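Reading the structure
The primary structure of each chain is shown beneath.
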Amino acid sequence: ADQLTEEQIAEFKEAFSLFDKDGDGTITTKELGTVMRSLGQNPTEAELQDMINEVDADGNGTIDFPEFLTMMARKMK
Amino acid sequence: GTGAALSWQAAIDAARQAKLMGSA
Ligand SMILES: [Ca+2]
Ligand SMILES: [Ca+2]
């Protein structure tokens, strides 16, 4: 996954679209938190709120398209 | 320490899992 490709970009967009529930073009703690809970996984909406508060470039408390596409390409083969 | 990346990846994996299944 280290090398970029069509799949990769499309992958980021897909994942992004899934999180942006309100569909405002950005992801929020509540938006993701809901997705994390509905899935039945760690509903620690607190952990995210804290993590987002950090990666948040504008400090708006939301994750933009680029950030997600980046923080996801950090590792994982 | 770490855990942020895992949470992000775990959510994506589960999110897609639901997408493939087509549930809800
Ligand atoms: Ca939003
Ligand atoms: Ca931001």
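What counts as what
- All residue numbers start from 1 on each chain and follow the order of its written sequence rather than the entry's numbering, and residues without coordinates are excluded.
- Throughout, the order in which chains and ligands are written sets their labels, letters from A for the former and numbers from 1 for the latter.
- Water and hydrogen atoms play no part in the side-chain values, which are based on all heavy atoms of the structure.
- Listed donors are limited to N, O and S atoms within 2.8 Å of the metal, widened to 3.2 Å for Na, K and Ca; water is not among them, so incomplete-looking sites are possible.
- Type-normalised accessible area, obtained with a 1.4 Å probe on protein chains alone, sets the label of each residue: buried when under 20%, exposed when over 50%, and partly exposed for intermediate values.
- Here, residues are in contact when the closest pair of their heavy atoms is within 4.5 Å.
- The term buried area refers to how much accessible surface (probe radius 1.4 Å) is lost by two components on association, counted for both of them together.
- We count a salt bridge whenever a side-chain nitrogen from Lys or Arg sits within 4 Å of a carboxyl oxygen from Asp or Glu.
- Throughout this description, a polar contact denotes any pair of N or O atoms lying within 3.5 Å of each other; where both atoms belong to protein, one of them has to be capable of donating a hydrogen while the other can accept it, and for residues adjacent in sequence the pair is counted only when both atoms sit in side chains.
- Only DSSP runs of H or I covering at least 4 residues are called helices, and only runs of E covering at least 2 are called strands; the numbering of each starts at the N terminus.
- Throughout, the ten residues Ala, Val, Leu, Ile, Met, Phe, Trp, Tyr, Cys and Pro are labelled nonpolar, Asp, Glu, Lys and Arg are labelled charged, and all others, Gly among them, are labelled polar.

Per the deposited record, the coordinates in this entry were obtained by solution NMR.

**Focus: the coordination of the calcium ion (ligand 2)**
Taken together, the protein ligands of the calcium ion (ligand 2) are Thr 62 of chain A (O) and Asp 64 of chain A (OD), with distances of 2.9 to 3.0 Å. We note that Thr 62 of chain A, like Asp 64 of chain A, is buried.

**Concerning the interface of chain A and chain B**
Taken together, the twelve residues of chain A in the interface contact eleven residues of chain B. When chain A packs against chain B, the two sides together hide about 1,200 Å² of surface, and 78% of this comes from carbon and sulfur. The tally of links between chain A and chain B comes to one salt bridge. Residue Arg 16 of chain B pairs with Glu 11 of chain A through a salt bridge whose shortest N-O separation is 2.8 Å. Taken together, chain A and chain B are joined by two residue pairs in polar contact. Of all the elements in the fold, those that place two or more residues in the side of chain A that touches chain B are α1 (6–19), α2 (29–38) and α4 (65–71) of chain A. With three residues, α1 of chain A is the single largest residue contributor to the side of chain A that touches chain B. A per-class count over the side of chain A that touches chain B returns ten nonpolar, one polar and one charged.

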